[PDB]
>>> print(open('my_file.pdb').read())   # PDB, C-alpha atoms
ATOM      1  CA  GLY A 201      23.114  98.160  81.965  1.00  0.00           C
ATOM      2  CA  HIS A 202      22.440  96.289  78.733  1.00  0.00           C
ATOM      3  CA  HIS A 203      19.880  97.646  76.320  1.00  0.00           C
ATOM      4  CA  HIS A 204      16.668  95.717  76.749  1.00  0.00           C
ATOM      5  CA  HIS A 205      13.888  98.238  77.354  1.00  0.00           C
ATOM      6  CA  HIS A 206      13.777 101.706  78.870  1.00  0.00           C
ATOM      7  CA  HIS A 207      11.187 104.395  79.362  1.00  0.00           C
ATOM      8  CA  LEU A 208      10.646 104.136  75.656  1.00  0.00           C
ATOM      9  CA  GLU A 209       8.202 106.841  75.072  1.00  0.00           C
ATOM     10  CA  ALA A 210      10.312 109.488  76.610  1.00  0.00           C
ATOM     11  CA  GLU A 211      13.485 108.186  74.984  1.00  0.00           C
ATOM     12  CA  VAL A 212      11.699 108.089  71.623  1.00  0.00           C
ATOM     13  CA  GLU A 213      10.452 111.650  72.024  1.00  0.00           C
ATOM     14  CA  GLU A 214      14.006 112.685  72.910  1.00  0.00           C
ATOM     15  CA  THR A 215      15.590 110.911  70.041  1.00  0.00           C
ATOM     16  CA  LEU A 216      12.940 111.900  67.552  1.00  0.00           C
ATOM     17  CA  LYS A 217      13.451 115.477  68.620  1.00  0.00           C
ATOM     18  CA  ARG A 218      17.117 115.049  68.214  1.00  0.00           C
ATOM     19  CA  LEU A 219      16.623 113.408  64.797  1.00  0.00           C
ATOM     20  CA  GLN A 220      14.882 116.650  63.845  1.00  0.00           C
ATOM     21  CA  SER A 221      17.756 118.705  65.240  1.00  0.00           C
ATOM     22  CA  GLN A 222      20.390 116.926  63.165  1.00  0.00           C
ATOM     23  CA  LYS A 223      20.392 119.129  60.123  1.00  0.00           C
ATOM     24  CA  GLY A 224      20.889 117.607  56.769  1.00  0.00           C
ATOM     25  CA  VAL A 225      18.002 115.255  57.212  1.00  0.00           C
ATOM     26  CA  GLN A 226      15.549 114.966  54.388  1.00  0.00           C
ATOM     27  CA  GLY A 227      13.158 112.342  55.526  1.00  0.00           C
ATOM     28  CA  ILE A 228      12.792 110.901  58.973  1.00  0.00           C
ATOM     29  CA  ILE A 229      11.169 107.535  58.929  1.00  0.00           C
ATOM     30  CA  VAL A 230      10.482 106.406  62.427  1.00  0.00           C
ATOM     31  CA  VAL A 231       8.880 103.056  62.471  1.00  0.00           C
ATOM     32  CA  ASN A 232       7.827 100.503  65.018  1.00  0.00           C
ATOM     33  CA  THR A 233       9.902  97.337  65.156  1.00  0.00           C
ATOM     34  CA  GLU A 234       7.624  95.762  62.539  1.00  0.00           C
ATOM     35  CA  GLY A 235       7.886  98.689  60.120  1.00  0.00           C
ATOM     36  CA  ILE A 236       4.952 100.918  61.096  1.00  0.00           C
ATOM     37  CA  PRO A 237       5.825 104.569  60.104  1.00  0.00           C
ATOM     38  CA  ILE A 238       4.617 106.658  63.005  1.00  0.00           C
ATOM     39  CA  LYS A 239       6.207 109.903  61.949  1.00  0.00           C
ATOM     40  CA  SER A 240       7.650 110.725  58.560  1.00  0.00           C
ATOM     41  CA  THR A 241       9.299 113.669  56.859  1.00  0.00           C
ATOM     42  CA  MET A 242       9.354 111.386  53.825  1.00  0.00           C
ATOM     43  CA  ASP A 243       6.498 110.494  51.441  1.00  0.00           C
ATOM     44  CA  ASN A 244       4.064 107.793  52.585  1.00  0.00           C
ATOM     45  CA  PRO A 245       4.550 105.628  49.390  1.00  0.00           C
ATOM     46  CA  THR A 246       8.285 105.920  49.902  1.00  0.00           C
ATOM     47  CA  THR A 247       8.079 105.106  53.631  1.00  0.00           C
ATOM     48  CA  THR A 248       5.919 102.077  52.854  1.00  0.00           C
ATOM     49  CA  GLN A 249       8.620 100.832  50.443  1.00  0.00           C
ATOM     50  CA  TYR A 250      11.546 101.359  52.790  1.00  0.00           C
ATOM     51  CA  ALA A 251       9.942 100.443  56.147  1.00  0.00           C
ATOM     52  CA  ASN A 252       8.913  96.902  55.285  1.00  0.00           C
ATOM     53  CA  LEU A 253      11.793  96.105  52.942  1.00  0.00           C
ATOM     54  CA  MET A 254      14.494  97.506  55.199  1.00  0.00           C
ATOM     55  CA  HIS A 255      12.983  95.575  58.107  1.00  0.00           C
ATOM     56  CA  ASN A 256      13.470  92.386  56.131  1.00  0.00           C
ATOM     57  CA  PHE A 257      16.994  93.458  55.265  1.00  0.00           C
ATOM     58  CA  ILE A 258      17.534  94.108  58.978  1.00  0.00           C
ATOM     59  CA  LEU A 259      16.277  90.566  59.674  1.00  0.00           C
ATOM     60  CA  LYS A 260      18.988  89.346  57.329  1.00  0.00           C
ATOM     61  CA  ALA A 261      21.538  91.742  58.818  1.00  0.00           C
ATOM     62  CA  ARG A 262      20.728  90.137  62.167  1.00  0.00           C
ATOM     63  CA  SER A 263      21.361  86.823  60.639  1.00  0.00           C
ATOM     64  CA  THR A 264      24.699  87.629  59.150  1.00  0.00           C
ATOM     65  CA  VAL A 265      25.988  89.647  62.092  1.00  0.00           C
ATOM     66  CA  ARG A 266      25.071  86.701  64.324  1.00  0.00           C
ATOM     67  CA  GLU A 267      26.117  84.043  61.724  1.00  0.00           C
ATOM     68  CA  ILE A 268      29.755  84.598  62.674  1.00  0.00           C
ATOM     69  CA  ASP A 269      28.936  83.867  66.318  1.00  0.00           C
ATOM     70  CA  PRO A 270      26.439  85.418  68.857  1.00  0.00           C
ATOM     71  CA  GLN A 271      29.121  88.035  69.650  1.00  0.00           C
ATOM     72  CA  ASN A 272      27.564  90.957  67.961  1.00  0.00           C
ATOM     73  CA  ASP A 273      24.014  92.137  67.998  1.00  0.00           C
ATOM     74  CA  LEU A 274      22.864  94.808  65.656  1.00  0.00           C
ATOM     75  CA  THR A 275      22.940  98.217  67.316  1.00  0.00           C
ATOM     76  CA  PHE A 276      23.092 100.394  64.184  1.00  0.00           C
ATOM     77  CA  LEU A 277      22.790  99.614  60.591  1.00  0.00           C
ATOM     78  CA  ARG A 278      23.655 102.745  58.836  1.00  0.00           C
ATOM     79  CA  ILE A 279      23.848 102.763  55.136  1.00  0.00           C
ATOM     80  CA  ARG A 280      25.216 105.705  53.298  1.00  0.00           C
ATOM     81  CA  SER A 281      24.757 106.143  49.626  1.00  0.00           C
ATOM     82  CA  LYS A 282      25.476 108.689  46.888  1.00  0.00           C
ATOM     83  CA  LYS A 283      22.146 110.365  46.458  1.00  0.00           C
ATOM     84  CA  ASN A 284      21.209 110.138  50.120  1.00  0.00           C
ATOM     85  CA  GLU A 285      21.955 108.403  53.395  1.00  0.00           C
ATOM     86  CA  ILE A 286      19.789 105.782  55.102  1.00  0.00           C
ATOM     87  CA  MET A 287      20.527 105.453  58.760  1.00  0.00           C
ATOM     88  CA  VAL A 288      18.683 102.589  60.513  1.00  0.00           C
ATOM     89  CA  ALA A 289      18.946 102.133  64.280  1.00  0.00           C
ATOM     90  CA  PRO A 290      17.473  98.897  65.629  1.00  0.00           C
ATOM     91  CA  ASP A 291      15.590  99.451  68.810  1.00  0.00           C
ATOM     92  CA  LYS A 292      13.651  96.716  70.602  1.00  0.00           C
ATOM     93  CA  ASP A 293      10.388  98.497  70.016  1.00  0.00           C
ATOM     94  CA  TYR A 294      11.344 100.991  67.260  1.00  0.00           C
ATOM     95  CA  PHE A 295      13.607 101.608  64.307  1.00  0.00           C
ATOM     96  CA  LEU A 296      15.049 104.982  63.931  1.00  0.00           C
ATOM     97  CA  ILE A 297      15.412 105.373  60.262  1.00  0.00           C
ATOM     98  CA  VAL A 298      16.521 108.636  58.896  1.00  0.00           C
ATOM     99  CA  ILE A 299      17.220 109.614  55.360  1.00  0.00           C
ATOM    100  CA  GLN A 300      19.786 112.316  55.379  1.00  0.00           C
ATOM    101  CA  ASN A 301      22.161 113.946  52.880  1.00  0.00           C
ATOM    102  CA  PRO A 302      25.793 112.529  52.408  1.00  0.00           C
ATOM    103  CA  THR A 303      26.948 114.730  55.298  1.00  0.00           C
ATOM    104  CA  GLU A 304      28.390 112.791  58.297  1.00  0.00           C
TER
ATOM    105  CA  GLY B   1      35.176 115.230  39.633  1.00  0.00           C
ATOM    106  CA  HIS B   2      33.921 111.647  39.517  1.00  0.00           C
ATOM    107  CA  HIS B   3      35.855 110.735  36.409  1.00  0.00           C
ATOM    108  CA  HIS B   4      38.801 112.929  37.277  1.00  0.00           C
ATOM    109  CA  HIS B   5      40.360 111.922  40.547  1.00  0.00           C
ATOM    110  CA  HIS B   6      43.352 113.491  42.262  1.00  0.00           C
ATOM    111  CA  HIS B   7      44.755 110.124  43.219  1.00  0.00           C
ATOM    112  CA  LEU B   8      43.744 106.509  43.307  1.00  0.00           C
ATOM    113  CA  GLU B   9      46.288 104.334  45.126  1.00  0.00           C
ATOM    114  CA  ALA B  10      47.662 107.265  47.111  1.00  0.00           C
ATOM    115  CA  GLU B  11      44.071 107.693  48.246  1.00  0.00           C
ATOM    116  CA  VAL B  12      44.346 104.304  49.930  1.00  0.00           C
ATOM    117  CA  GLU B  13      47.539 105.295  51.720  1.00  0.00           C
ATOM    118  CA  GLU B  14      45.812 108.511  52.821  1.00  0.00           C
ATOM    119  CA  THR B  15      42.728 106.786  54.007  1.00  0.00           C
ATOM    120  CA  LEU B  16      44.572 103.932  55.634  1.00  0.00           C
ATOM    121  CA  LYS B  17      46.663 106.469  57.460  1.00  0.00           C
ATOM    122  CA  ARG B  18      43.566 108.255  58.480  1.00  0.00           C
ATOM    123  CA  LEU B  19      41.934 104.965  59.559  1.00  0.00           C
ATOM    124  CA  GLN B  20      44.875 104.626  61.934  1.00  0.00           C
ATOM    125  CA  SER B  21      44.335 108.161  63.184  1.00  0.00           C
ATOM    126  CA  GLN B  22      40.781 107.471  64.336  1.00  0.00           C
ATOM    127  CA  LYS B  23      41.376 106.530  67.923  1.00  0.00           C
ATOM    128  CA  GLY B  24      38.996 103.922  69.149  1.00  0.00           C
ATOM    129  CA  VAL B  25      39.800 101.477  66.401  1.00  0.00           C
ATOM    130  CA  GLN B  26      40.659  97.971  67.405  1.00  0.00           C
ATOM    131  CA  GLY B  27      41.192  96.175  64.189  1.00  0.00           C
ATOM    132  CA  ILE B  28      41.595  97.638  60.763  1.00  0.00           C
ATOM    133  CA  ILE B  29      40.746  95.192  58.071  1.00  0.00           C
ATOM    134  CA  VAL B  30      41.595  96.658  54.725  1.00  0.00           C
ATOM    135  CA  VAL B  31      40.788  94.285  51.961  1.00  0.00           C
ATOM    136  CA  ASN B  32      40.665  94.176  48.217  1.00  0.00           C
ATOM    137  CA  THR B  33      37.231  93.380  46.766  1.00  0.00           C
ATOM    138  CA  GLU B  34      38.868  90.044  45.919  1.00  0.00           C
ATOM    139  CA  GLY B  35      38.788  89.279  49.654  1.00  0.00           C
ATOM    140  CA  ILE B  36      42.430  89.900  50.383  1.00  0.00           C
ATOM    141  CA  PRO B  37      43.302  91.493  53.761  1.00  0.00           C
ATOM    142  CA  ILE B  38      46.272  93.621  52.842  1.00  0.00           C
ATOM    143  CA  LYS B  39      46.751  95.237  56.197  1.00  0.00           C
ATOM    144  CA  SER B  40      45.187  94.193  59.455  1.00  0.00           C
ATOM    145  CA  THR B  41      45.279  95.287  63.032  1.00  0.00           C
ATOM    146  CA  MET B  42      43.014  92.293  63.549  1.00  0.00           C
ATOM    147  CA  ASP B  43      43.878  88.599  63.877  1.00  0.00           C
ATOM    148  CA  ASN B  44      44.376  86.725  60.576  1.00  0.00           C
ATOM    149  CA  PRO B  45      41.760  83.962  61.403  1.00  0.00           C
ATOM    150  CA  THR B  46      39.298  86.686  62.305  1.00  0.00           C
ATOM    151  CA  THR B  47      40.046  88.739  59.158  1.00  0.00           C
ATOM    152  CA  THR B  48      39.613  85.622  57.035  1.00  0.00           C
ATOM    153  CA  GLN B  49      36.142  85.106  58.558  1.00  0.00           C
ATOM    154  CA  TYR B  50      34.967  88.685  58.172  1.00  0.00           C
ATOM    155  CA  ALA B  51      36.587  89.576  54.818  1.00  0.00           C
ATOM    156  CA  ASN B  52      34.976  86.850  52.736  1.00  0.00           C
ATOM    157  CA  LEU B  53      31.668  86.691  54.593  1.00  0.00           C
ATOM    158  CA  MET B  54      31.161  90.440  54.750  1.00  0.00           C
ATOM    159  CA  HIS B  55      31.981  90.653  51.046  1.00  0.00           C
ATOM    160  CA  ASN B  56      29.100  88.300  50.366  1.00  0.00           C
ATOM    161  CA  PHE B  57      26.889  90.293  52.683  1.00  0.00           C
ATOM    162  CA  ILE B  58      27.956  93.390  50.746  1.00  0.00           C
ATOM    163  CA  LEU B  59      26.960  91.585  47.521  1.00  0.00           C
ATOM    164  CA  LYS B  60      23.527  91.139  49.053  1.00  0.00           C
ATOM    165  CA  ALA B  61      23.508  94.708  50.374  1.00  0.00           C
ATOM    166  CA  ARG B  62      24.140  95.785  46.782  1.00  0.00           C
ATOM    167  CA  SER B  63      21.249  93.754  45.759  1.00  0.00           C
ATOM    168  CA  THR B  64      18.779  95.089  48.227  1.00  0.00           C
ATOM    169  CA  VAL B  65      19.884  98.712  47.973  1.00  0.00           C
ATOM    170  CA  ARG B  66      19.396  98.362  44.222  1.00  0.00           C
ATOM    171  CA  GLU B  67      16.155  96.210  44.657  1.00  0.00           C
ATOM    172  CA  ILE B  68      14.378  99.372  45.785  1.00  0.00           C
ATOM    173  CA  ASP B  69      15.255 100.972  42.459  1.00  0.00           C
ATOM    174  CA  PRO B  70      18.570 102.140  40.916  1.00  0.00           C
ATOM    175  CA  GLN B  71      18.641 105.438  42.798  1.00  0.00           C
ATOM    176  CA  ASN B  72      21.766 104.808  44.787  1.00  0.00           C
ATOM    177  CA  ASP B  73      24.733 102.609  44.986  1.00  0.00           C
ATOM    178  CA  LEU B  74      26.348 101.394  48.146  1.00  0.00           C
ATOM    179  CA  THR B  75      28.804 104.015  49.361  1.00  0.00           C
ATOM    180  CA  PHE B  76      29.106 102.946  53.006  1.00  0.00           C
ATOM    181  CA  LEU B  77      27.815 100.012  54.848  1.00  0.00           C
ATOM    182  CA  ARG B  78      28.582 100.681  58.407  1.00  0.00           C
ATOM    183  CA  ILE B  79      27.357  98.325  60.996  1.00  0.00           C
ATOM    184  CA  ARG B  80      27.605  99.144  64.631  1.00  0.00           C
ATOM    185  CA  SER B  81      27.123  96.546  67.290  1.00  0.00           C
ATOM    186  CA  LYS B  82      27.426  95.920  71.040  1.00  0.00           C
ATOM    187  CA  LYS B  83      30.758  94.091  71.060  1.00  0.00           C
ATOM    188  CA  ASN B  84      32.299  96.351  68.470  1.00  0.00           C
ATOM    189  CA  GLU B  85      31.634  98.378  65.403  1.00  0.00           C
ATOM    190  CA  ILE B  86      32.170  97.113  61.883  1.00  0.00           C
ATOM    191  CA  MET B  87      32.486  99.882  59.391  1.00  0.00           C
ATOM    192  CA  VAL B  88      32.647  98.722  55.744  1.00  0.00           C
ATOM    193  CA  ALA B  89      33.273 101.212  52.941  1.00  0.00           C
ATOM    194  CA  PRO B  90      32.801  99.847  49.414  1.00  0.00           C
ATOM    195  CA  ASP B  91      35.533 101.106  47.169  1.00  0.00           C
ATOM    196  CA  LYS B  92      36.463 100.770  43.527  1.00  0.00           C
ATOM    197  CA  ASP B  93      38.971  98.032  44.249  1.00  0.00           C
ATOM    198  CA  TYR B  94      39.087  98.098  48.048  1.00  0.00           C
ATOM    199  CA  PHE B  95      36.923  97.772  51.084  1.00  0.00           C
ATOM    200  CA  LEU B  96      37.785  99.829  54.017  1.00  0.00           C
ATOM    201  CA  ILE B  97      36.681  97.757  56.882  1.00  0.00           C
ATOM    202  CA  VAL B  98      37.425  98.895  60.327  1.00  0.00           C
ATOM    203  CA  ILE B  99      36.482  97.358  63.594  1.00  0.00           C
ATOM    204  CA  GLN B 100      36.192 100.075  66.121  1.00  0.00           C
ATOM    205  CA  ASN B 101      34.481 100.647  69.416  1.00  0.00           C
ATOM    206  CA  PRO B 102      31.051 102.113  68.700  1.00  0.00           C
ATOM    207  CA  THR B 103      31.343 105.474  70.371  1.00  0.00           C
ATOM    208  CA  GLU B 104      28.098 107.353  70.951  1.00  0.00           C
TER
END
>>> encode(input="my_file.pdb", output="C-alpha cells")
Amino acid sequence: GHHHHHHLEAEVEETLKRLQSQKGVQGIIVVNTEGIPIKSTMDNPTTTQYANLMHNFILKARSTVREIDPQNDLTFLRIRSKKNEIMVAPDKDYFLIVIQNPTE
Amino acid sequence: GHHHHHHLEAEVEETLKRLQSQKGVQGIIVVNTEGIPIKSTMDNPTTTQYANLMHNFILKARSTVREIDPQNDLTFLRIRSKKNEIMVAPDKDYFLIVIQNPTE
C-alpha cells in the first residue's frame, strides 16, 4: 500500500535502467539516502557538491512541506532550471537525482 | 528571444487557461510574487497559507540553487507529495502554483 520499503534492489535496478532510458539526461546522480553517489553520469566533484548539499536542502524541504501540517510527505522534489534540470526523488533508502536538459 | 517576448500578460491568460486544461488539478493557486492569490480553485485559508509560506521557501530555494554557484536560476520548483502535488513555477511577476494529483 503505502511506500515504506520494497524489494529495493530490484526496484532500483529498474528505475536506474529507466533513468538511463529517459533521453535528455546529462548526468544521473543516484545516491543513497545520505548522499552516497553509487552511479553517476556526472563528474565526481560535481556529484559530491550536489549530493550532500541537495540532501540538506531536501531535509529543509521536508521541514517546510511538513511545516504546514503532516499532510504531505516529500515524494518528488524536482527542480528545473535554465541551463539544466535537477530532478530529485526521495526514496527511503535512495535518492534518484537526475540532471537532465530543460525537456519535460 | 529572452528580451523579446510575444506576450507578457496574455501569457498568463494562456497559461492559466492551460493550467485549467490539465485534468487532475485540484486547486490552482496563481499568485503574484507579492503573495496575492489572483485566481484560486483552492480554499482562501489554504491559499493564504501556501502562497506566503511557499514564497519564502522559494526565496530559500533561490538561495540554495544559487549557493552552488550562479549557473542557473530557479525556473520550476515542483514538489510532488503523497496527499497531492504542489507545482510552483517562478515567473517574472507571477507564480504558477498548482495543486494537482501526482500522477505517475
>>> calpha_fit_rmsd(input="my_file.pdb", fixed="chain A", moving="chain B")
1.5 Å
>>> closest_atom_pairs(input="my_file.pdb", of="chain A", to="chain B", cutoff="6 Å", atoms="all atoms listed in the file", output="CSV")
residue,atom,partner,partner_atom,distance
A:272,CA,B:83,CA,5.4
A:273,CA,B:81,CA,5.4
A:274,CA,B:81,CA,4.9
A:275,CA,B:81,CA,4.5
A:276,CA,B:80,CA,4.7
A:277,CA,B:79,CA,4.8
A:278,CA,B:78,CA,5.4
A:279,CA,B:77,CA,4.8
A:280,CA,B:76,CA,4.8
A:281,CA,B:75,CA,4.6
A:282,CA,B:72,CA,5.8
A:283,CA,B:72,CA,5.8
>>> write_last_selection(input="my_file.pdb", atoms="C-alpha atoms", output="PDB file, keeping the file's coordinate frame")
ATOM      1  CA  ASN A 272      27.564  90.957  67.961  1.00  0.00           C
ATOM      2  CA  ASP A 273      24.014  92.137  67.998  1.00  0.00           C
ATOM      3  CA  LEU A 274      22.864  94.808  65.656  1.00  0.00           C
ATOM      4  CA  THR A 275      22.940  98.217  67.316  1.00  0.00           C
ATOM      5  CA  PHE A 276      23.092 100.394  64.184  1.00  0.00           C
ATOM      6  CA  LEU A 277      22.790  99.614  60.591  1.00  0.00           C
ATOM      7  CA  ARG A 278      23.655 102.745  58.836  1.00  0.00           C
ATOM      8  CA  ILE A 279      23.848 102.763  55.136  1.00  0.00           C
ATOM      9  CA  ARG A 280      25.216 105.705  53.298  1.00  0.00           C
ATOM     10  CA  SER A 281      24.757 106.143  49.626  1.00  0.00           C
ATOM     11  CA  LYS A 282      25.476 108.689  46.888  1.00  0.00           C
ATOM     12  CA  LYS A 283      22.146 110.365  46.458  1.00  0.00           C
TER      13      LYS A 283
END
>>> resolve_selection(input="my_file.pdb", expression="the PyMOL selection byres ((chain A and resi 204-215) around 12)", output="PyMOL selection string")
chain A and resi 201-203+216-222+228+230-232+238-239+273+275+289-298
>>> atom_distance(input="my_file.pdb", atom1="CA of residue 240 in chain A", atom2="CA of residue 226 in chain A")
9.9 Å
>>> atom_distance(input="my_file.pdb", atom1="CA of residue 299 in chain A", atom2="CA of residue 104 in chain B")
19.1 Å
>>> atom_distance(input="my_file.pdb", atom1="CA of residue 234 in chain A", atom2="CA of residue 55 in chain B")
27.4 Å
>>> residues_near_point(input="my_file.pdb", point="(13.6, 115.7, 53.2)", cutoff="7 Å", atoms="all atoms listed in the file", output="list in words")
residues 225, 226, 227, 241 and 242 of chain A
>>> axis_aligned_box(input="my_file.pdb", around="range 227-234 of chain A", padding_each_side="6 Å", output="JSON")
{"center_x": 10.4, "center_y": 104.1, "center_z": 60.3, "size_x": 17.5, "size_y": 28.6, "size_z": 21.6}
